Amino acid sequence: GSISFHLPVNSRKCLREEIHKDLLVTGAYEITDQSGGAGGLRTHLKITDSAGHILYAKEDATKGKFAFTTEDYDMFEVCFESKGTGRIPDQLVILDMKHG
């Protein structure tokens, strides 16, 4: 799966998946910020399961990869959240995922 979206400053966007198999999920992401860090901008990446356990987290996310396995209820959420001050152009996020 491939996702491209804009992420405005001080917003959160998430992909939620409810599948019913235990399998391997792999992802690759790139956050592009045309402002080069204006207004103290930073972006957090957090992946959680149905019970809120953190499967992956990246505090100051830029570009990277992740992988996790689905367990119990096999529901997960991948969330990007930005924080910054003032007016900042939207960031662009690209997220590519594979289910094994």
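Structure determination for this PDB entry was carried out by X-ray crystallography, with a resolution of 1.580 Å recorded in the header.

(A) Focus on the sheet that holds strand β2 (residues 12–18). Taking strand neighbours across the sheet as the criterion, the four strands line up as β2-β7-β4-β5 in an open arrangement whose pairing is antiparallel. Each edge of the open sheet carries a strand with a single partner, namely β2 and β5 (54–58). Going across the sheet, the axis of each strand differs from the next one's by a mean of 10°, ignoring polarity. Alignment of strand β4 (residues 42–49) against β5, held across four bridges, turns out to be antiparallel. Within the sheet, the bridge partner assigned to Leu45 lies in β5 and is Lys58.

(B) Up close: the nonpolar core. Of all hydrophobic cores here, the largest spans 18 residues; its most connected members are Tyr29, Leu45, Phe66, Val78, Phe80, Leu95 and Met97. Only β1 (2–7), β3 (24–32), β4, β6 (63–69), β7 (75–83) and β8 (91–99) provide two or more residues apiece to this core. With residues up to four places along the chain from it excluded, the contact list for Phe66 reads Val25, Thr26, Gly27, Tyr29, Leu45, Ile47, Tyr56, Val78, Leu95 and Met97.

(C) Expanded view of the side chain of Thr43. Of note, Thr43 is situated in strand β4. A relative accessible area of 2% places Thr43 in the buried class. Polar side-chain contacts of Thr43 include one of 2.9 Å to the side chain of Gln91. Setting aside its immediate chain neighbours within four residues, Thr43 contacts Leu7, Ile31, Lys58, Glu59, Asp60, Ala61, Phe80, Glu81, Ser82 and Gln91.

Conventions and cut-offs
Residues numbered from 1 in each chain as written, not as in the entry; some residues may be left out. Heavy atoms only, no water. Pairing = 2+ DSSP bridges. Helix = DSSP H or I, 4+ residues; strand = E, 2+ residues; numbered from the N terminus. Axes fitted to C-alpha atoms, helices over the stretch in contact; angles between N-to-C directions. Core = buried A, V, L, I, M, F, W, Y, C linked by side-chain atoms within 4.5 Å. Buried < 20%, exposed > 50% of the residue type's maximum accessible area, 1.4 Å probe, protein only. Contact = heavy atoms within 4.5 Å. Polar contact = N/O pair within 3.5 Å; in protein donor to acceptor, adjacent residues only side chain to side chain.

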